[PDB]
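Participant: From first to last, the protein sequence lines stand for chains B, A, H, S and C.
Quick note on numbering: the first sequence equals residues 294 to 356, 394 to 886 in the entry's author numbering.
Quick note on numbering: the second sequence equals residues 529 to 553, 576 in the entry's author numbering.
Quick note on numbering: the third sequence equals residues 62 to 254, 263 to 265, 280 to 444 in the entry's author numbering.
Quick note on numbering: the fourth sequence equals residues 946 to 971, 983 to 1005 in the entry's author numbering.
Quick note on numbering: the fifth sequence equals residues 22 to 53, 61 to 376 in the entry's author numbering.
Backbone N, C-alpha and C fix where the C-beta goes; we use that ideal spot for every residue, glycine too.
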Amino acid sequence: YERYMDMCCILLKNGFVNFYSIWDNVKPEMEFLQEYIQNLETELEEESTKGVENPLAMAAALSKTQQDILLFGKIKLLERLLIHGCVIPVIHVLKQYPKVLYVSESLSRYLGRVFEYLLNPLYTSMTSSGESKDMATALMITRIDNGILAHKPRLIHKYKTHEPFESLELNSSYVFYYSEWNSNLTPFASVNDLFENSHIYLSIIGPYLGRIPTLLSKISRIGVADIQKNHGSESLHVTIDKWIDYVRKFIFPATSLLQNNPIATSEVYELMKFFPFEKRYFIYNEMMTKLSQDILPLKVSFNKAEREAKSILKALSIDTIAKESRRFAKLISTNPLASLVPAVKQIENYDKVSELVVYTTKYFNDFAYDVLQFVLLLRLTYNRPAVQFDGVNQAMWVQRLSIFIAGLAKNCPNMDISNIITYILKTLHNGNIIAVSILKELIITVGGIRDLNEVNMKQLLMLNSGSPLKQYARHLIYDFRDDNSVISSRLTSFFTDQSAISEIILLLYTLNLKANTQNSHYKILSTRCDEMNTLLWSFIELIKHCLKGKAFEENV
Amino acid sequence: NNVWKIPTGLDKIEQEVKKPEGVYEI
Amino acid sequence: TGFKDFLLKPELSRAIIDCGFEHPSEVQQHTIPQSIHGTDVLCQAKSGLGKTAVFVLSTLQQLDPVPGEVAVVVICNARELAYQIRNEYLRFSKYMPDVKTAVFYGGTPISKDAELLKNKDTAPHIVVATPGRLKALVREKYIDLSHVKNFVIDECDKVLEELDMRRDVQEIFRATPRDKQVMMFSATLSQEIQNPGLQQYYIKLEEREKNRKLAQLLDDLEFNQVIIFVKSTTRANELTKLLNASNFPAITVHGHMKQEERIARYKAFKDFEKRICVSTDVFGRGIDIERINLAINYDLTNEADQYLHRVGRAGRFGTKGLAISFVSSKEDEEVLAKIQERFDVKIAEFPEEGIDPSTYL
Amino acid sequence: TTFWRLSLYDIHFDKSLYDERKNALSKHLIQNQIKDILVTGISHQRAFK
Amino acid sequence: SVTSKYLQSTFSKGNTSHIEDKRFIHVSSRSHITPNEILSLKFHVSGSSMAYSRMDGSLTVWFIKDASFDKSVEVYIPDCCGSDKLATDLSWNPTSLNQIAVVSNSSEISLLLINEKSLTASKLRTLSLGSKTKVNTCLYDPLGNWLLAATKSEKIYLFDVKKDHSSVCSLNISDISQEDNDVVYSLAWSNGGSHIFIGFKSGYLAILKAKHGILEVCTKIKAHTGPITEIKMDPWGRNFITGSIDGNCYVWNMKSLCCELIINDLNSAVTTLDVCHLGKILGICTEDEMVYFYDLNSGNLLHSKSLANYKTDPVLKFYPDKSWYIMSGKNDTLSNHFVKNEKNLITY
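1. Indicate whether at least one CB of chain F lies closer than 8 Å to the CB of residue 465 of chain B.
2. What residues match up with residue 47 of chain C in a beta bridge as DSSP calls it?
3. Return the residues of the stretch 67-85 of chain C that lie within a Cβ-Cβ distance of less than 7 Å from chain B, sorted by chain order.
4. Taking only three categories from DSSP, how would you classify residue 465 of chain B?
5. Helix, strand or coil for residue 367 of chain C? Go by DSSP, reduced to three states.
6. Compare the C-alpha of residue 299 of chain B against each of B:406, B:395, B:505 and B:430 and name the closest.
7. With a threshold of 8 Å on Cβ separation, who are the neighbours of residue 422 of chain H within its own chain once the five nearest residues in sequence on each side are excluded?
8. For residue 90 of chain C, decide whether its Cβ has a neighbour in chain B, counting only Cβ atoms nearer than 8 Å.
9. If we cut at 8 Å on Cβ distances, does residue 642 of chain B have a partner in chain H?
10. What does a CB cutoff of less than 6 Å around residue 126 of chain H pick up in its chain, not counting 5 residues either side in sequence?
11. Could you check where the beta strand (DSSP E) with residue 302 of chain C kicks off and where it finishes?
12. Interface residues of chain B around residue 356 of chain H at Cβ under 7 Å?
13. Could you pull the start and end residues of the alpha helix (DSSP H) that residue 421 of chain B belongs to?
14. I want to verify the contact list: residues of chain B whose CB lies under 9 Å from the CB of residue 547 of chain A, in sequence order.
15. Residue 472 of chain B by DSSP, collapsed to three states: which one?
16. Would you kindly work out how many angstroms separate the C-alpha atoms of residue 332 of chain H and residue 790 of chain B, rounded to a whole number?
17. Considering only C-alpha positions, which residue in the set C:152, C:151 and C:167 is nearest to residue 122 of chain C?
18. Tell me whether residue 795 of chain B is buried or exposed, calling it buried when 16 or more other Cβ atoms sit within 10 Å of its Cβ.
19. Using CA coordinates, which residue listed in B:683, B:592, B:415 and B:319 is at the minimum distance from residue 660 of chain B?
20. Around the Cβ of residue 984 of chain S, are there at least 16 other Cβ atoms within 10 angstroms (buried) or fewer (exposed)?
21. In angstroms, rounded to a whole number, what distance separates the CA positions of residue 845 of chain B and residue 229 of chain C?
22. Grab me the residues of residue 113 of chain C's own chain with a C-beta within less than 6 Å of its C-beta, minus the 5 sequence neighbours each way, in chain order.
23. Just to confirm the assignment: which complete alpha helix (DSSP H) runs, minimum length 4, are found wholly within the stretch 688-771 of chain B?
24. Which same chain residues end up closer than 7 Å to residue 611 of chain B when comparing Cβ atoms and leaving out the 5 residues on each side of it in sequence?
25. Am I right that residue 410 of chain H and residue 285 of chain H are in contact with their C-beta atoms under 8 Å? What's the rounded C-beta distance?
26. How would you label residue 583 of chain B, buried or exposed, when you count the other beta carbons within 10 angstroms and need 16 or more for buried?
27. What did DSSP end up calling residue 646 of chain B once you bin it into helix, strand or coil?
28. So, residue 350 of chain B versus residue 328 of chain H, is the Cβ gap smaller than 8 Å?
29. Residue 39 of chain C and residue 361 of chain C look like a contact to me (Cβ under 8 Å); what is the Cβ gap, rounded to whole Å?
30. Of the residues B:852, B:851 and B:537, which one's Cα is nearest the Cα of residue 621 of chain B?
31. Classify residue 605 of chain B as helix, strand or coil using the three-state DSSP reduction.
32. Just list the residues that DSSP pairs residue 313 of chain C with in beta bridges.
33. Can you tell me where the beta strand (DSSP E) with residue 247 of chain C in it begins and where it stops?
34. For residue 264 of chain C, return the contacting residues in chain B, with the cut-off set at a CB-CB distance below 7 Å.
35. To be precise: take each residue of the stretch 764-794 of chain B, compare its Cβ to all Cβ atoms of chain H, and keep it if any distance is under 9 Å. Which residues remain?
36. Residue 90 of chain C bridges to which residues according to DSSP?
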């Protein structure tokens, strides 16, 4: 059947017979195909949404027509018509019945093959690798004969087979026989043609582009080089807007489908880095809300990732971190914005998972970082009560979330929590309790600024003297401001930009007054006023510690 | 978008206080 | 920093603060102020209320370190309790470098104890010991107690009821200066022995479905730690082997096993090293574990008191938790019916649709 | 302005705590007693004066 | 499935010989101690010599003439490159048949010509550089045209081996990395000296051009999220393999410089890796004291083993002229492997 189908596929492009005269008359009728399609759709949707429990030790103790449709007839004809470089029949068929792509994966791979050949010569012209093409050579066989060195080349031979992808099986190289299958196609000459033909091939391959990671990398590097080419010119914002739209519509849905493949997402984010962060948040949130639902394969992948993330999260321990950390890092780096939210909730209301997560942030790349900051702002802004139901006591999640944020600022130094600090500087205006709490924990954990509530007279005396006596006193009072100079400088640098220092000092001060003018039980009023006072004092101690010389008089 | 629509600036923190003098009618 | 109202040494205050102590219990505030003046004390209290801390803080207050001089001697009943008292002395003496503590119990070469007592680098001012070993040291003049100022006896009831123990403690007492501070502490002083929020559910099913049911429950419920109560050691060990085979890290503790491994696995799970532990009623009483939030009664007990003792391991000190039980026989339903009449609690049948996770956190 | 300008460091010289630290501090002998910590005490005496 | 049976046979009761070195007889006498180390081990190109250096300071070299090291002479030599200083890296100089370059974490690179008639390793020459410079890695262009010497920071030197090792060029590492405190972890040459592949600690990977003796930065790609441990090249010249400490092992296509295949069964850090001279099987030594043997073409596991807490730091190397591989044993002792009736996979 293979050779016969190949002969018909050859004949079916030199005009011997028209396509539909073959399509309409092969075995599986269109109705039986549609029935199989509905069955696959329902089974897939159920196994996605509900899910299935894989039995590990369950019950292990006490006390053919599918193969037919897949392997022959219409589907096999489509696969081969695609391999042999005749793209227009299959484009016209899949334009009508898109669901056909669910039947088998190989259609997406082969379509990606023809598209990648179409795009390769445009890709080499940019991101120039041609100057670097001259390094793919083999080592010469060296042998010592009669006490002298002798070099020889390795000898291989060439075989022709029916498999489309080339290979080299340990002595000999195999190639596709029909060596002029690429006669009817012309590669791209300019990125504009890349857009014009993306609108045809990629809109067909759909969310399944993820099945071929290499295409993601190639398109993203083309984008990076195209944006870099005109850094000087005035029209840069035009190209930025156009690539924004492109990445929104064709690539990001695809990268949402990947499976434990960090580097591809690293490339897509290396392209995304050029946008305003407003746009990145737009894309991330739309993908979260409207495109996870209402699209089948994306929904399946999101549900699989989420269930897997919860399964791993139930098994984090002080003893199993050595491998669970690597697995969680891969899973979070590949598909973050749907596998992070369960983790964010689990650390929102459980004790030690917070320390475990802050330990395992050491491993994931910039994409996981941006998405993590996103979901942090998400949770911080979700609609829910801040104070506890009982009385004026604050709820039991603010504290654990603030501890998490402080641990982030302390351990992983490539986090870029700038937007969170803009959240603080903004929402302090209205007196949000979460702002004050995050500020307190940030100052006390990262900076190391312990308060002066309980101090014996001798320590209090040493605490203002020459430098070494003061250092000994501070290390006695369990204060570690000296050893944390670098990270304190980094955080005060985050604060320095957008000139938040004076605004924050004035805000804290004029907030404690409004706290003085509220009405409640005195037993809480006195404590609140004093707590705010101590917070302000500690903040100013940090500021004087980190900003000295002229920077102080500049930004204070 | 809402929490990013709040106006932030030195002109708004002034919120001038009440003078110490308190008039006469836990 | 309630101990700062005690008016003690600052380094000692820091050593207590880094020990997590923030508010003294009743017995501490009632005994430490008077024991600091050097008066004899005879204390009876409920077990686990910090009775060691009283005399530990007292002796760490009254001591002025003299090189090579033993003034503080504590006598206990066991070797592991002696190790615990020396660990308490060490966690109390973090900020006191000149003071040195040592422990003495059987099973070790007496010559090694002697040479560490002669060593200036290990010459101890505080010695915690078993009465027999320290007797064998004093009677051989391996240790000098001619300057003892503080004499503590923990669990003094068993010390004075057993004849060998009382004779040993009296031989140690007669070799000490008569003008010393004397303290006795025990949770039980009978009259015969110088101027002294929890959720409760159940599953009614058959035996052959238990193994798969937990494999579902332990899959869906969101939990910190899980404990599994069994009525037998063989079933517990089997279920632990199968659970560890099920990619679920689990430990097992029960009788029929050497005590060393029991202490080892108990301490290991206490430290959040694994997330699943299985045990019989050997831990039915006394255990204190905070992070346990979800309990599964694999097999019910015979009496209601044992079941309440089991469920007491969850919801420590009035905290939130979740409990779910198995019912597979007639006596199970019988005890289930009796627990509600005694404890005024409606143990509803566990619904199939699951419970809201926030109802137990 | 004379009241609010000043501080404690410039109004009281103990000189006992310096000596206690110097004596309890007696590698290179901890960098020679932290560079002869006593230079700060000298500056402190000058400031007090 | 032929390769799986071949590897299984290579792990059988026979088809295995203990390399009889000083440490081997030492363990035999003291067992029938603290294991020093094996700093490095590197073959000659023609597959008829071997050299390695323990932590004691002594470097052994064998002149392979037999399968089970029967008639293989052994030039043992005491702690060369000074009495206080020990060797850390060596290159075998593919130009001639005897020269060796050795570095000892110091400012002196020693060129010694090993003799086989006697047991004398005679120092031929010493090369020196700036007094502060502390180089620790040396490499040879696989055609014997350039030599590379690298520091842990802020020095890279390239000598022209043809013109009596005249200092050709140098470069400051801070110009290559442009990050915060990077320390080069592993270097490797391309097949035919044209490019140098460098793996920093911060994760980056750099490709430098060394065509006519003037270093230059061609490109830098953010390959990994942790320090890169090893970098190996395929002998056919189509893909280069990168192994990291974050638990990933990727194979990058050479013509286009994009990831093509990923090893996913891994869940631990990588200490070393190697690929056979036929570019068919890939051996990974992870950090949990375990070795794996994967297939390059398909990417599916085909053989596993377990070191079982014997010689915590392992080493693996595939012969450059046969399908045999030297692997560490129990206590820092080497253990050859073969089949004794199959010189190459094709013959099988």
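Facilitator: So, from the data block:
1. Any reference to chain F falls outside this structure, whose protein chains are B, A, H, S and C.
2. Note: residue 47 of chain C sits in no beta bridge, so no partner.
3. 73, 74 and 76
4. coil
5. coil
6. B:406
7. 387, 390, 391, 428 and 430
8. No - not a single Cβ of chain B is within 8 Å of the one on residue 90 of chain C.
9. no
10. 159, 160 and 186
11. 298-303
12. 647, 648 and 649
13. 417-424
14. Contacts between residue 547 of chain A and chain B, judged by CB atoms closer than 9 Å, are missing: the closest CB pair is about 14 Å apart.
15. DSSP places residue 472 of chain B within a strand segment (E or B) once states are collapsed to three.
16. 50 Å
17. C:167
18. buried
19. B:592
20. Around the beta carbon of residue 984 of chain S, fewer than 16 other beta carbons sit within 10 angstroms, so the residue counts as exposed.
21. The C-alpha of residue 229 of chain C is placed about 50 Å away from the C-alpha of residue 845 of chain B.
22. 132 and 134
23. Those alpha helix (DSSP H) runs which fall completely within the stretch 688-771 of chain B and span 4+ residues are 696-711, 728-741 and 748-757.
24. 704
25. 6 Å
26. Per the 10 Å Cβ criterion, buried.
27. coil
28. Going by beta carbons, residue 350 of chain B and residue 328 of chain H fall inside the 8 Å limit.
29. 7 Å
30. B:537
31. coil
32. C:300 and C:319
33. 244-249
34. 468 and 498
35. Cβ contacts with chain H: 783, 784, 786, 788 and 789.
36. C:78 and C:102
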